[PDB]
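Read through the structure below, which is laid out as structure tokens, and then see the notes.
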Amino acid sequence: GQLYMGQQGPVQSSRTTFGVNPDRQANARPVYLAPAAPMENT
Amino acid sequence: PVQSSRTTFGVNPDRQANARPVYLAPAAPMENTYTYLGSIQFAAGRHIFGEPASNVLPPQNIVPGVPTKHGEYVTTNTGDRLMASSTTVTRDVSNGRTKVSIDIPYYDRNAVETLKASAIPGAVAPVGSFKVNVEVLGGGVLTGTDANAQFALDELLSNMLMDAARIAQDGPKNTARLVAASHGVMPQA
Amino acid sequence: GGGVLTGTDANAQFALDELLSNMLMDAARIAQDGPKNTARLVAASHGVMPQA
Amino acid sequence: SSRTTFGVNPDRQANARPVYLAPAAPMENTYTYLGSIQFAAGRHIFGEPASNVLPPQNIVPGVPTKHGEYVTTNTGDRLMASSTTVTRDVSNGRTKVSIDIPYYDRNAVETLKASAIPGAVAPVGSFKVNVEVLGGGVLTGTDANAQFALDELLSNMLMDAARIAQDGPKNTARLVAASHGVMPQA
Amino acid sequence: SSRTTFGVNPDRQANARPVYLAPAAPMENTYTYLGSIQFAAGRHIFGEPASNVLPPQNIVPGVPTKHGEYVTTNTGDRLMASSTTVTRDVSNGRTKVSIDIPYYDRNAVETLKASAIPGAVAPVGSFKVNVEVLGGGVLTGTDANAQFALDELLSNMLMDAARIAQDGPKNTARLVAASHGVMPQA
Amino acid sequence: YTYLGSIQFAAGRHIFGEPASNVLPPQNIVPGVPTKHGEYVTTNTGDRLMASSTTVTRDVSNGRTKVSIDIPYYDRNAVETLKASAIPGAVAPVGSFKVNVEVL
Amino acid sequence: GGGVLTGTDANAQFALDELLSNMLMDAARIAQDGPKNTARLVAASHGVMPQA
Amino acid sequence: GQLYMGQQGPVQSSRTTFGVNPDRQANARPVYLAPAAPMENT
């Protein structure tokens, strides 16, 4: 890619996937279910 | 052939065409969500979020006075060792159905904080996003309905919107209600 | 609200809950935002944002 | 066709029985001990987990799976986030749990700390522990209640096997870098 | 040749460490439970061991071995003596303990008893449980004391793995004749 | 099963097995797991009988719930000839009786 | 109730009659078994037996 | 099949259909038909 100045000398900029953990947690979470639905506004 | 039927008085109605142009906001306010993000200091779990440019999102592709069936407001998110990333509010108005969607990205807090603590100059791209959709099916207005009446229908759908959002977020903040949802359980009560 | 990250603490999932609910509120406000003098929801054909 | 049998009847029951799958994996023993030694033994440095109990990664409630994983993230000073994994396989009456935890080079980590220089380090290797239960081959006569009894029988053999594996004085070498086994005299 | 290293040094310590070998194998948990159910579940009937602690069969004190076996004899009414075996393998930093106990056809056994006829019966099958510790790959810096610490770390992971394997209500199926795993809701 | 105890597990040349429990445990029903089909089963044993399972099946789907009960029976002539002759053979079931119940 | 065996006595067919009727009673009891606090028959989608 | 010990010596277990009469009686039995149907419970 593009070129910039690092302390070693002119150095090429680089884009890597190193060090990014995209692992996800399974959707296994019980959620609250309301005992009634309030439609007061409408 | 003699056939049986179930009768009520009336006639199948005459529906009005969906030819009514509607108002389009000149900017999208996101004050509630961004004040809360300031509250949690833009971090939760190993999701880290970006600071916006504005709490109110300007339009990106909406010329004024130009009819548009699809439009986007967008503001840029910046942060320490974060690659700038856009948060987006999308509005689709067509055929009597209006739909607003909000998409905000998040980054890997583990990567960001490892970079910060190690004083590494890398910038991190977003790992994912969270989205919220809202939809109003306002087609099929009856022919008799005039303009003033349609105003009333506007506010009626507005209040149904408010009720739907309240019913969605309803519940104690002590218990799980939205993210990583698997199934719903009504309390013993 | 799917796809939370692996290190998301059980406690932090509540914070994420509230974040999503605030996005909900903002979305409904953006949906109905506008003067009540002018058409905004039903029989919608297209959007027209005003010049001034 | 119905047949009278003389002698042993070896008819086995088909391995078609759903089994309970824990909603999370507790790793309390190992992580409390890791806290005990301050996450460092010799040149091995370990990361701090996000939780002592690991949530499911690819398991959904109510959906049968034959392979499932619980996972958390170890973070650390001058360390790159590395996941700790607990894998469970259930198939054909054989159920197997494996645990994998990674480690890092303490010399690199403390050399960076002491040099005050921007580097960070990735894992160097891992330690793994497997546990396996061969529960296939249940005979025809066995009903559900009896199968529960067999469940507990196997779990007790599991406990015996783990104790026999870790058995021995802590004065003396017993697991890592093992070459061969030797029994003492008297 | 001596070299200065930048970054991670992955040199591993050769797996050339003798490990303690128990003079006998305690199987107390499984045999007490077998006494609890009177050595019979469903159509599976088990034999009574000679001892709860199994003596070595092919292990001699002071002689290094990479494979060793403890064994006792199950005897029973109308049953042919059948050995119960506990096998331990130590090689290349990997140590593995396996337990094998045989069972018999209860229908044949009780049909003989009830018929008062001379027959006796041999085993029909067995149940097996394996436990495995992959302790190879110790880094260069690790000294003996640190290796003891790693010994205990692995043993704690062993305990965690056995608990995660047997985890669950005894109301419900969890090991034998397993088809797949299912997680409950809420 | 109380009635089977009444007739002493025999009628005609049908002979039945004694159950393990009057109440049948579940065989393939994990708790908290939605199941559209499930089975309770207990084992039947008897003198010179090959152990055989009696089964209660429940199917819940699309608003229709259906319970079926299946109990097996053996050839009393074979069983009693073996008993009287002191032969150690065990007999497999010759047939079964079934009762279905259904709610739409 | 088909397929009775050949040596089934005329008298024993009555005993079989009563056996089947008792299976009937057990089947209906298993069909409606459950607390009346909770849903059990109509609009049924699936079964969920409780943990405790 | 499997092997066991009989008084003759070690003997192979065997499973045979010998001595099992599965003949069935025809469904030719008139049954009682109630003169009315009581729906009292419902």
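Please note that chains go A, B, ... in the order of the structure tokens, that every chain numbers its residues from 1, and that ligands are numbered from 1 in the order shown.
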
Residues of chain D that have any atom at most 6 Å from an atom of chain C: could you tabulate them with the shortest-distance atom pair and the distance in Å to one decimal, using only C-alpha atoms, ordered by chain and increasing number, as a tab-separated table?
```
residue	atom	partner	partner_atom	distance
D:50	CA	C:7	CA	6.0
D:72	CA	C:7	CA	5.9
D:73	CA	C:7	CA	5.6
```

Neighbouring residues of residue A:28 were defined as those with any atom within 9 Å, considering only C-alpha atoms; residues of the same chain fewer than 2 positions away were excluded. Please report them as a PDB file with C-alpha atoms, in the first residue's frame.
```pdb
ATOM      1  CA  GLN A  25     -21.747 -15.975  21.462  1.00  0.00           C
ATOM      2  CA  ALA A  26     -24.734 -18.170  20.647  1.00  0.00           C
ATOM      3  CA  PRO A  30     -33.982 -16.459  27.741  1.00  0.00           C
TER       4      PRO A  30
ATOM      5  CA  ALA B 180     -28.798 -12.729  22.174  1.00  0.00           C
ATOM      6  CA  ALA B 181     -32.493 -13.562  22.480  1.00  0.00           C
ATOM      7  CA  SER B 182     -33.468 -17.240  22.217  1.00  0.00           C
ATOM      8  CA  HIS B 183     -37.045 -17.481  23.551  1.00  0.00           C
TER       9      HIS B 183
ATOM     10  CA  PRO D  23     -26.296 -24.384  29.299  1.00  0.00           C
ATOM     11  CA  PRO D  55     -21.135 -19.532  27.668  1.00  0.00           C
ATOM     12  CA  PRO D  56     -22.135 -21.530  24.580  1.00  0.00           C
ATOM     13  CA  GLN D  57     -20.745 -20.355  21.259  1.00  0.00           C
ATOM     14  CA  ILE D  59     -25.324 -24.186  20.780  1.00  0.00           C
ATOM     15  CA  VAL D  60     -28.931 -23.013  20.563  1.00  0.00           C
ATOM     16  CA  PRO D  61     -31.516 -24.186  23.113  1.00  0.00           C
TER      17      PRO D  61
ATOM     18  CA  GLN E 185     -34.937 -23.543  27.355  1.00  0.00           C
ATOM     19  CA  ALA E 186     -34.866 -21.073  30.274  1.00  0.00           C
TER      20      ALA E 186
END
```

Residues of chain A within 7 Å of chain B: nearest atom pair and distance (Å, one decimal) for each, counting only C-alpha atoms, sorted by chain and number, as CSV?
```
residue,atom,partner,partner_atom,distance
A:19,CA,B:111,CA,6.2
A:20,CA,B:111,CA,6.0
A:21,CA,B:108,CA,7.0
A:22,CA,B:127,CA,6.4
A:26,CA,B:180,CA,7.0
A:27,CA,B:180,CA,4.2
A:28,CA,B:182,CA,5.0
A:29,CA,B:181,CA,5.1
A:30,CA,B:183,CA,5.3
A:31,CA,B:177,CA,4.4
A:32,CA,B:177,CA,5.0
A:33,CA,B:186,CA,4.7
A:34,CA,B:186,CA,6.2
A:35,CA,B:186,CA,6.1
A:37,CA,B:167,CA,6.1
A:38,CA,B:167,CA,6.7
A:39,CA,B:163,CA,5.4
A:41,CA,B:159,CA,5.5
A:42,CA,B:159,CA,4.7
```

Atom CA of residue E:78 to atom CA of residue E:120, distance in Å rounded to a single decimal
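These two atoms are separated by 4.9 Å.
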
Go ahead and align chain G to chain C (same sequence, so just pair every C-alpha in order, least squares) and export the moved chain as an mmCIF file with N, CA, C and O atoms, in the first residue's frame.
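Contents of the output file selection27.cif:
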```
data_model
loop_
_atom_site.group_PDB
_atom_site.id
_atom_site.type_symbol
_atom_site.label_atom_id
_atom_site.label_comp_id
_atom_site.auth_asym_id
_atom_site.auth_seq_id
_atom_site.Cartn_x
_atom_site.Cartn_y
_atom_site.Cartn_z
ATOM 1 N N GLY G 1 -30.692 -8.208 17.590
ATOM 2 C CA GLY G 1 -29.713 -8.169 18.659
ATOM 3 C C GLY G 1 -28.862 -9.413 18.701
ATOM 4 O O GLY G 1 -28.324 -9.779 19.751
ATOM 5 N N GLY G 2 -28.764 -10.092 17.567
ATOM 6 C CA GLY G 2 -27.969 -11.294 17.507
ATOM 7 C C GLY G 2 -26.484 -11.000 17.448
ATOM 8 O O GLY G 2 -26.045 -9.877 17.184
ATOM 9 N N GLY G 3 -25.698 -12.043 17.706
ATOM 10 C CA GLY G 3 -24.268 -11.981 17.480
ATOM 11 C C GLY G 3 -23.548 -11.056 18.430
ATOM 12 O O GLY G 3 -22.888 -10.097 18.012
ATOM 13 N N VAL G 4 -23.710 -11.307 19.723
ATOM 14 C CA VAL G 4 -22.857 -10.647 20.695
ATOM 15 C C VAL G 4 -21.501 -11.345 20.724
ATOM 16 O O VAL G 4 -21.366 -12.525 20.381
ATOM 17 N N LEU G 5 -20.471 -10.591 21.094
ATOM 18 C CA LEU G 5 -19.111 -11.110 21.115
ATOM 19 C C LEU G 5 -18.912 -12.061 22.298
ATOM 20 O O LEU G 5 -19.733 -12.142 23.214
ATOM 21 N N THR G 6 -17.797 -12.800 22.263
ATOM 22 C CA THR G 6 -17.612 -13.916 23.192
ATOM 23 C C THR G 6 -17.314 -13.440 24.609
ATOM 24 O O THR G 6 -17.739 -14.070 25.589
ATOM 25 N N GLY G 7 -16.565 -12.352 24.737
ATOM 26 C CA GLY G 7 -16.251 -11.802 26.032
ATOM 27 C C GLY G 7 -17.306 -10.896 26.610
ATOM 28 O O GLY G 7 -17.036 -10.197 27.586
ATOM 29 N N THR G 8 -18.498 -10.865 26.023
ATOM 30 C CA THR G 8 -19.581 -10.042 26.549
ATOM 31 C C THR G 8 -20.027 -10.604 27.893
ATOM 32 O O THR G 8 -20.577 -11.709 27.971
ATOM 33 N N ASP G 9 -19.785 -9.842 28.952
ATOM 34 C CA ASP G 9 -20.128 -10.275 30.296
ATOM 35 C C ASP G 9 -21.636 -10.402 30.446
ATOM 36 O O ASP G 9 -22.407 -9.682 29.808
ATOM 37 N N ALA G 10 -22.056 -11.330 31.308
ATOM 38 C CA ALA G 10 -23.475 -11.453 31.621
ATOM 39 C C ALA G 10 -24.062 -10.117 32.069
ATOM 40 O O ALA G 10 -25.181 -9.764 31.684
ATOM 41 N N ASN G 11 -23.305 -9.348 32.864
ATOM 42 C CA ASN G 11 -23.761 -8.029 33.304
ATOM 43 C C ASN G 11 -23.834 -7.044 32.147
ATOM 44 O O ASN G 11 -24.746 -6.211 32.090
ATOM 45 N N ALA G 12 -22.868 -7.098 31.231
ATOM 46 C CA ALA G 12 -22.837 -6.140 30.133
ATOM 47 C C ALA G 12 -23.935 -6.393 29.104
ATOM 48 O O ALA G 12 -24.257 -5.492 28.312
ATOM 49 N N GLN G 13 -24.523 -7.589 29.096
ATOM 50 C CA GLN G 13 -25.639 -7.829 28.187
ATOM 51 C C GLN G 13 -26.847 -6.987 28.573
ATOM 52 O O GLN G 13 -27.641 -6.607 27.710
ATOM 53 N N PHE G 14 -26.972 -6.636 29.856
ATOM 54 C CA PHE G 14 -28.038 -5.726 30.266
ATOM 55 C C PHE G 14 -27.793 -4.331 29.715
ATOM 56 O O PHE G 14 -28.725 -3.653 29.256
ATOM 57 N N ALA G 15 -26.538 -3.878 29.764
ATOM 58 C CA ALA G 15 -26.215 -2.586 29.175
ATOM 59 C C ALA G 15 -26.537 -2.579 27.691
ATOM 60 O O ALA G 15 -27.072 -1.591 27.165
ATOM 61 N N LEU G 16 -26.232 -3.683 27.002
ATOM 62 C CA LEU G 16 -26.578 -3.777 25.587
ATOM 63 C C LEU G 16 -28.090 -3.762 25.393
ATOM 64 O O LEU G 16 -28.597 -3.168 24.428
ATOM 65 N N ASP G 17 -28.824 -4.410 26.308
ATOM 66 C CA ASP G 17 -30.282 -4.368 26.280
ATOM 67 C C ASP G 17 -30.776 -2.930 26.237
ATOM 68 O O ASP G 17 -31.564 -2.541 25.357
ATOM 69 N N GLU G 18 -30.296 -2.125 27.188
ATOM 70 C CA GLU G 18 -30.745 -0.739 27.277
ATOM 71 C C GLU G 18 -30.296 0.068 26.062
ATOM 72 O O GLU G 18 -31.028 0.955 25.598
ATOM 73 N N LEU G 19 -29.100 -0.219 25.531
ATOM 74 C CA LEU G 19 -28.672 0.469 24.313
ATOM 75 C C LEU G 19 -29.651 0.227 23.168
ATOM 76 O O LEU G 19 -30.066 1.173 22.475
ATOM 77 N N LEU G 20 -30.042 -1.032 22.966
ATOM 78 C CA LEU G 20 -30.993 -1.335 21.902
ATOM 79 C C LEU G 20 -32.342 -0.670 22.146
ATOM 80 O O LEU G 20 -32.987 -0.192 21.203
ATOM 81 N N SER G 21 -32.800 -0.641 23.398
ATOM 82 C CA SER G 21 -34.094 -0.014 23.656
ATOM 83 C C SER G 21 -34.049 1.496 23.369
ATOM 84 O O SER G 21 -35.029 2.082 22.874
ATOM 85 N N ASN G 22 -32.909 2.141 23.639
ATOM 86 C CA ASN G 22 -32.782 3.562 23.302
ATOM 87 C C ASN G 22 -32.738 3.787 21.791
ATOM 88 O O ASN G 22 -33.285 4.785 21.291
ATOM 89 N N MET G 23 -32.099 2.880 21.050
ATOM 90 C CA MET G 23 -32.185 2.960 19.595
ATOM 91 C C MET G 23 -33.628 2.814 19.127
ATOM 92 O O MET G 23 -34.046 3.465 18.164
ATOM 93 N N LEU G 24 -34.397 1.951 19.793
ATOM 94 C CA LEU G 24 -35.823 1.810 19.497
ATOM 95 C C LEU G 24 -36.555 3.139 19.625
ATOM 96 O O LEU G 24 -37.316 3.544 18.732
ATOM 97 N N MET G 25 -36.375 3.800 20.771
ATOM 98 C CA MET G 25 -37.032 5.087 20.993
ATOM 99 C C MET G 25 -36.636 6.097 19.918
ATOM 100 O O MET G 25 -37.497 6.787 19.347
ATOM 101 N N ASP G 26 -35.335 6.185 19.618
ATOM 102 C CA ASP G 26 -34.883 7.114 18.583
ATOM 103 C C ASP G 26 -35.508 6.784 17.233
ATOM 104 O O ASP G 26 -35.854 7.688 16.459
ATOM 105 N N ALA G 27 -35.671 5.494 16.938
ATOM 106 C CA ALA G 27 -36.223 5.095 15.652
ATOM 107 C C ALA G 27 -37.680 5.507 15.522
ATOM 108 O O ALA G 27 -38.089 6.029 14.480
ATOM 109 N N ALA G 28 -38.483 5.284 16.567
ATOM 110 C CA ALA G 28 -39.882 5.704 16.490
ATOM 111 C C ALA G 28 -39.999 7.223 16.400
ATOM 112 O O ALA G 28 -40.863 7.751 15.677
ATOM 113 N N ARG G 29 -39.140 7.948 17.125
ATOM 114 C CA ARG G 29 -39.186 9.404 17.034
ATOM 115 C C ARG G 29 -38.847 9.875 15.625
ATOM 116 O O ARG G 29 -39.497 10.787 15.102
ATOM 117 N N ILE G 30 -37.844 9.254 14.993
ATOM 118 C CA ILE G 30 -37.496 9.616 13.621
ATOM 119 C C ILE G 30 -38.608 9.214 12.663
ATOM 120 O O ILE G 30 -38.814 9.857 11.624
ATOM 121 N N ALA G 31 -39.335 8.152 12.990
ATOM 122 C CA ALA G 31 -40.415 7.692 12.129
ATOM 123 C C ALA G 31 -41.573 8.680 12.111
ATOM 124 O O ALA G 31 -42.114 8.982 11.041
ATOM 125 N N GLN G 32 -41.957 9.211 13.273
ATOM 126 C CA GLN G 32 -43.097 10.123 13.332
ATOM 127 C C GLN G 32 -42.701 11.590 13.377
ATOM 128 O O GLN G 32 -43.577 12.455 13.489
ATOM 129 N N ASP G 33 -41.414 11.888 13.298
ATOM 130 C CA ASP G 33 -40.938 13.255 13.408
ATOM 131 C C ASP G 33 -41.539 14.099 12.300
ATOM 132 O O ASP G 33 -41.671 13.652 11.157
ATOM 133 N N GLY G 34 -41.934 15.315 12.650
ATOM 134 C CA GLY G 34 -42.447 16.243 11.674
ATOM 135 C C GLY G 34 -43.606 17.048 12.206
ATOM 136 O O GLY G 34 -44.230 16.679 13.210
ATOM 137 N N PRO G 35 -43.897 18.180 11.560
ATOM 138 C CA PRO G 35 -45.052 18.978 11.963
ATOM 139 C C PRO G 35 -46.325 18.216 11.678
ATOM 140 O O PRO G 35 -46.406 17.434 10.731
ATOM 141 N N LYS G 36 -47.322 18.441 12.520
ATOM 142 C CA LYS G 36 -48.648 17.874 12.338
ATOM 143 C C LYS G 36 -49.504 18.719 11.403
ATOM 144 O O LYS G 36 -50.644 18.341 11.113
ATOM 145 N N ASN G 37 -48.955 19.837 10.902
ATOM 146 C CA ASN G 37 -49.635 20.619 9.873
ATOM 147 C C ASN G 37 -49.555 19.938 8.521
ATOM 148 O O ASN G 37 -50.338 20.271 7.628
ATOM 149 N N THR G 38 -48.593 19.036 8.327
ATOM 150 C CA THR G 38 -48.295 18.493 7.012
ATOM 151 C C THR G 38 -48.349 16.967 7.038
ATOM 152 O O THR G 38 -48.175 16.335 8.086
ATOM 153 N N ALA G 39 -48.631 16.390 5.873
ATOM 154 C CA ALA G 39 -48.767 14.947 5.728
ATOM 155 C C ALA G 39 -47.461 14.235 6.049
ATOM 156 O O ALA G 39 -46.393 14.669 5.610
ATOM 157 N N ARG G 40 -47.529 13.144 6.823
ATOM 158 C CA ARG G 40 -46.283 12.420 7.064
ATOM 159 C C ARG G 40 -46.337 10.891 7.075
ATOM 160 O O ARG G 40 -45.276 10.283 6.893
ATOM 161 N N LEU G 41 -47.493 10.235 7.259
ATOM 162 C CA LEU G 41 -47.447 8.771 7.337
ATOM 163 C C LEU G 41 -48.319 7.992 6.348
ATOM 164 O O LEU G 41 -47.803 7.155 5.598
ATOM 165 N N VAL G 42 -49.639 8.243 6.334
ATOM 166 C CA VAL G 42 -50.555 7.344 5.627
ATOM 167 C C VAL G 42 -50.585 7.687 4.150
ATOM 168 O O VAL G 42 -50.317 8.823 3.744
ATOM 169 N N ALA G 43 -50.947 6.689 3.342
ATOM 170 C CA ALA G 43 -51.076 6.841 1.895
ATOM 171 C C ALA G 43 -49.786 7.364 1.271
ATOM 172 O O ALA G 43 -49.806 7.983 0.203
ATOM 173 N N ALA G 44 -48.658 7.105 1.934
ATOM 174 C CA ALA G 44 -47.383 7.683 1.536
ATOM 175 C C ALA G 44 -46.997 7.249 0.125
ATOM 176 O O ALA G 44 -47.115 6.077 -0.239
ATOM 177 N N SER G 45 -46.545 8.213 -0.675
ATOM 178 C CA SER G 45 -46.055 7.974 -2.027
ATOM 179 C C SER G 45 -44.545 8.119 -2.124
ATOM 180 O O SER G 45 -43.870 7.257 -2.694
ATOM 181 N N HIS G 46 -44.010 9.207 -1.583
ATOM 182 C CA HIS G 46 -42.578 9.460 -1.516
ATOM 183 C C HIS G 46 -42.344 10.512 -0.444
ATOM 184 O O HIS G 46 -43.288 11.079 0.108
ATOM 185 N N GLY G 47 -41.075 10.777 -0.158
ATOM 186 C CA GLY G 47 -40.701 11.789 0.816
ATOM 187 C C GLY G 47 -40.217 13.055 0.120
ATOM 188 O O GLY G 47 -39.568 12.991 -0.926
ATOM 189 N N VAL G 48 -40.571 14.202 0.693
ATOM 190 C CA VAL G 48 -40.080 15.474 0.172
ATOM 191 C C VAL G 48 -39.660 16.352 1.337
ATOM 192 O O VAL G 48 -40.516 16.893 2.043
ATOM 193 N N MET G 49 -38.356 16.487 1.561
ATOM 194 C CA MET G 49 -37.909 17.343 2.658
ATOM 195 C C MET G 49 -37.917 18.807 2.218
ATOM 196 O O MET G 49 -37.563 19.110 1.074
ATOM 197 N N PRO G 50 -38.370 19.721 3.075
ATOM 198 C CA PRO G 50 -38.566 21.104 2.637
ATOM 199 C C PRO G 50 -37.253 21.859 2.547
ATOM 200 O O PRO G 50 -36.286 21.542 3.243
ATOM 201 N N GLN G 51 -37.233 22.862 1.652
ATOM 202 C CA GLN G 51 -36.030 23.665 1.441
ATOM 203 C C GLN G 51 -35.723 24.528 2.653
ATOM 204 O O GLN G 51 -34.564 24.647 3.066
ATOM 205 N N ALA G 52 -36.746 25.139 3.228
ATOM 206 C CA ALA G 52 -36.599 25.954 4.411
ATOM 207 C C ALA G 52 -37.965 26.094 5.076
ATOM 208 O O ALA G 52 -38.146 25.717 6.241
#
```

10 Å contacts from chain H to chain E using only C-alpha atoms, as a PyMOL selection string
chain H and resi 2-11+13

Restricted to N, CA and C atoms, what would the selected residues look like written as a short mmCIF file (atom, residue, chain, number, x, y, z; two decimals), in the first residue's frame?
```cif
data_model
loop_
_atom_site.label_atom_id
_atom_site.label_comp_id
_atom_site.auth_asym_id
_atom_site.auth_seq_id
_atom_site.Cartn_x
_atom_site.Cartn_y
_atom_site.Cartn_z
N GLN H 2 -23.39 -66.30 20.87
CA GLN H 2 -22.48 -66.29 22.01
C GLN H 2 -22.26 -67.70 22.56
N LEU H 3 -21.23 -67.83 23.39
CA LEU H 3 -20.82 -69.11 23.95
C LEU H 3 -21.03 -69.12 25.46
N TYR H 4 -21.53 -70.24 25.98
CA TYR H 4 -21.73 -70.40 27.42
C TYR H 4 -21.36 -71.83 27.81
N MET H 5 -21.52 -72.17 29.09
CA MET H 5 -21.13 -73.49 29.59
C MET H 5 -22.37 -74.32 29.89
N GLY H 6 -22.59 -75.36 29.08
CA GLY H 6 -23.59 -76.36 29.35
C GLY H 6 -22.91 -77.62 29.86
N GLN H 7 -23.72 -78.52 30.43
CA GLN H 7 -23.14 -79.69 31.07
C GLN H 7 -22.48 -80.63 30.06
N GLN H 8 -22.79 -80.49 28.78
CA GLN H 8 -22.07 -81.25 27.77
C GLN H 8 -20.67 -80.68 27.54
N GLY H 9 -20.49 -79.40 27.84
CA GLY H 9 -19.27 -78.68 27.54
C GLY H 9 -19.63 -77.27 27.12
N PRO H 10 -18.66 -76.52 26.60
CA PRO H 10 -18.98 -75.19 26.06
C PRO H 10 -19.92 -75.32 24.86
N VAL H 11 -21.02 -74.57 24.91
CA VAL H 11 -22.12 -74.73 23.98
C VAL H 11 -22.53 -73.37 23.44
N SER H 13 -25.02 -70.58 22.21
CA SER H 13 -26.40 -70.15 22.41
C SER H 13 -27.12 -70.05 21.08
#
```

Using Å and a single decimal, report how far atom CA of residue B:103 sits from atom CA of residue B:83.
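Going from atom CA of residue B:83 over to atom CA of residue B:103 covers 16.7 Å.
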